[PDB]
Structures are given as C-alpha cells and as structure tokens.
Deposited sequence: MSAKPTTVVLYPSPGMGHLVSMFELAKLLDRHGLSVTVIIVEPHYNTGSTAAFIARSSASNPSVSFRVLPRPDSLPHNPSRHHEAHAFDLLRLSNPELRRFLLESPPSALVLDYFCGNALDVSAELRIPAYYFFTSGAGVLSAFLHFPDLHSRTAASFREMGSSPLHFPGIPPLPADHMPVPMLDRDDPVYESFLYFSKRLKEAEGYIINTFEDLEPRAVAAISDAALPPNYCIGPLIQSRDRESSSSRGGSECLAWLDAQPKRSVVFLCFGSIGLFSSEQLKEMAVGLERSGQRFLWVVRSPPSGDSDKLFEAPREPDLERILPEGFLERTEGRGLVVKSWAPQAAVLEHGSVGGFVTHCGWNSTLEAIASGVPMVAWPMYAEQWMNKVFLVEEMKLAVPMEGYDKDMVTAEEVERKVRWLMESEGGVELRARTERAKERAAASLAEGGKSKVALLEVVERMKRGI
C-alpha cells in the first residue's frame, strides 16, 4: 500500500482542507497520514470525527516544541524528520507555509508536492513574487495601485497583495519570500482549481522551467443551522441574496447599518450572516432600530454562522454577496450562484480581481478598498444581482462555470485526469 504524508500548516482551515485531499487520495487507495502541528476551533474534536467517519485516514500529532505559525513550523522540523525516518513515505504533500519541511524531504529523498488551496492565479503571483521583489525597492503599500504584472493573470493593484506582504520591513514578509522561493523546489503542484475556470492561469505556470501542476478541483468541504435551511425552503426559487463573509467578521457596527439600510431598501429577500464587530453578536444593539421587526418575513439575519455549502446548493438562492474566500468561491461556482465580490482579508482582494476581470463570474462591491461600503452601493448591487439584465447575463456565465466544473470532475474530465496523473506519479519512486 502506497503511503503519503500530508503536512498542513497549523490552523483548522488548513487542516480541514488537507483532510479533503487526504480522503481523496485514500479514495484512490493510498495510506495517508495527516501530520498535525497544534496552535497555541478544536483539534481533538476534529481528529475524533475524522477518525470515526474516515478510519483509513490516520493522524500523527507531533510533540509541540500568521507569525507564530511560521515559528511553530520551522521548529517542528526535528520532530517531523523523526516520524518520516521511522517509515519513509512515497510522497510528502506540503502547504505553501510548510517550506521549512522541504529541508527534511531533501536528505530523506522524499518527493514533495504542494497542496495549494487558492487558484492558479494566486499561485502565479506567489510564484513570481520573489522576482518582482528584487526588481524594485518599493514595498507594495507604497506602490498603491501601481500594476504588478504577473504571468497568466490580470495586472493586480499592488495594494491588493495580501496584507502580510505589504511591508518589506516586517519579518512575516521575509517568510513569504522564503515560502515563495521554495515553491520552485517541489516535484509538483496540486491546486484546488479546474483548468477551464482558470485556463490562461494554468498555462503560464504550466511552464517547463517550473514543476508540473495537477488541477484536481473543486475540492469542496461537503439548531440554528437547520433553521436557515427551513426558512430558505419557505422562499420562492432563486429569490434570496446570501451575504456571508468567511471565518472572521471585520465589519464595524456602522458598516453593518449601511448593509441593513441597503438591504432593506433593495426590496430583495436576504439571508445575511453577521458576526460580532471587532474589538456572540447583539443584533438589536448592532443593527438599525426596527430593522429586525421591519424585515422579518422578508429576510433572516444569522448570528456568526450558517451552513454555507448547504445554503448555496439551495434553489432559493439567486445571488451571493461574498468575501471571495477561495472555498466560498468554489462552493458558489459549483452551485452556479452568481456573486458580488466584497473581499476583505487574506488573499481575497487578489481573488476578487481574478473573479471580476479574468474569470468574470462576479461584479465588485465598490468601497471594499475604502473606509466603508455605502447603503447606496449595497442596495444598487443587490438590485443589480436579482433584477437587472447584467445579472441574468452574469447568472448565465456562472451556469457555464458550474458545468465546466461538474464536467471537469466527472470521469474523463480535466481535473479527474490530473488527479490520477498525480496519484500514479506518487506511486513511482
């Protein structure tokens, strides 16, 4: 039995997305072990569920010895060599942030693949970052809107680079230059995208002076959770706008007011997921007075969390006001739900440019790059999604992407092929 070790970087979101790969590989008959490095939700709870529902995927918690996780990982290089010495695996699957482990798989002569959870557009940029880094002395926050030109992808305003990379004189930045440099050294690239979604992007990185790549997705990670599904069932087909903004709420209460006044003034049915403004949520302390009373029946506000994958599959959902996280983008495309981009943190501002300019499966929410998105602008874009001809045209474009996706995944498809290509490649020494 061929054995792989998948090394995600610390964090539940990284773990949950490696596990998806792990099930996939063990679904193609590999003995896979997720290696875990614990931070300082719940890791035990996840090992227990994964172990009870997918017993063939086993875990290996290492003796614990953006920023802290880079230190946690450099220092776990000893302990990771111990586990791989006691049984050499056929292949090692790494996160972008786990490049310190490339040192371990050097000596031990073990083929390393990166599992890249963002699309090939984000990879291109991350792969060509160090080159641009040396062609300029200016950091990206200084460069402002000045173009960064990366192979295969639209010019990207420099200030849409991920925050960690915006200031050169910041130890986090140096690590990203380290992890991006180390991407060249790999045997391969497993990307959670499909070629038809990002064709021009795949092509530029499918270069010879660059390790191969295997686009094997969408890999989607598939009580007040049941309630919003019930209320959804209560709505006419395709009539609800879903606003959901990832794992970290970054809306002030006054920004939440604009959203509510804008949603109220659009007339549209809305399913809106709201977290506590930064330093659980008090909706009537936070939202405009009378809002819940006025809009109940027409919309539902959900504290902190909703079953998003379920929600997006529902036939009552006709539009998605998203923060352009990659998993949420995949989940939206695979249900053919058209999108309004409101990127917020991490690499989402990137995703947004590609989502609006390259892929053309969303429209921006003007003001994401500003202090606040206005009630006016929220209302216009929700009107535009549910009512306008552009919206019907856009919902058409997504429908296509839904099918290019469904096709890429079913037998013979471009991603399915890539999957077996990388699995077979793993079985050979």
Inset, instruction - Could you list the ranges of the deposited sequence that have no C-alpha atoms in the model? - result: 1 to 4, 45 to 47, 73 to 83, 241 to 248, 306 to 316, 467
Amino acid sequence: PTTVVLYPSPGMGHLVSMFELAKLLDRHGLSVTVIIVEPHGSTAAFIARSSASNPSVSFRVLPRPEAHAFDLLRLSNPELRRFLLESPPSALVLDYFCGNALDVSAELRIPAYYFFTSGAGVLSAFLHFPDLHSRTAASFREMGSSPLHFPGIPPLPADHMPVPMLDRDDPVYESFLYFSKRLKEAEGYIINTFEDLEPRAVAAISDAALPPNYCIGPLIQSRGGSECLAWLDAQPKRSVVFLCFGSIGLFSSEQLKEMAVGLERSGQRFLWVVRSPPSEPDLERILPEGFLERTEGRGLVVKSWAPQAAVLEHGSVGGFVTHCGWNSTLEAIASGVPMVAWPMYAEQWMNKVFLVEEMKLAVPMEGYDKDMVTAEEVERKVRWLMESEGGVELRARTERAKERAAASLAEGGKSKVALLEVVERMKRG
From here on, numbers count along this sequence of modelled residues.
Inset, instruction - Could you settle it for me: does 311 to 319 or 79 to 87 have the higher average Cα B factor in the PDB entry? - result: 79 to 87
Legend entry - Segment of higher mean CA temperature factor, 266 to 274 or 105 to 113: 105 to 113
Inset, instruction - Kindly indicate the residue among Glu142, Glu358, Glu347, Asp169 with the greatest C-alpha B-factor in the PDB record. - result: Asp169
Inset, instruction - Kindly indicate the residue among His160, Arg223, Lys352, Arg200 with the greatest C-alpha B-factor in the PDB record. - result: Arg223
Legend entry - Position of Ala407 among the chain's modelled residues by C-alpha B-factor, lowest, middle or highest third: highest
Inset, instruction - Name the third of the chain's ranked CA B-factors that contains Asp233, choosing lowest, middle or highest. - result: highest
Inset, instruction - State the tercile, meaning the lowest, middle or highest third, of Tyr214 with respect to the CA B-factors recorded for its chain. - result: middle
Inset, instruction - Taking the values exactly as deposited, rank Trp342 by C-alpha B-factor within its chain and report the matching third: lowest, middle or highest. - result: lowest
Inset, instruction - For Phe291, return the chain-relative third of its C-alpha B-factor as stated in the PDB record: lowest, middle or highest. - result: highest
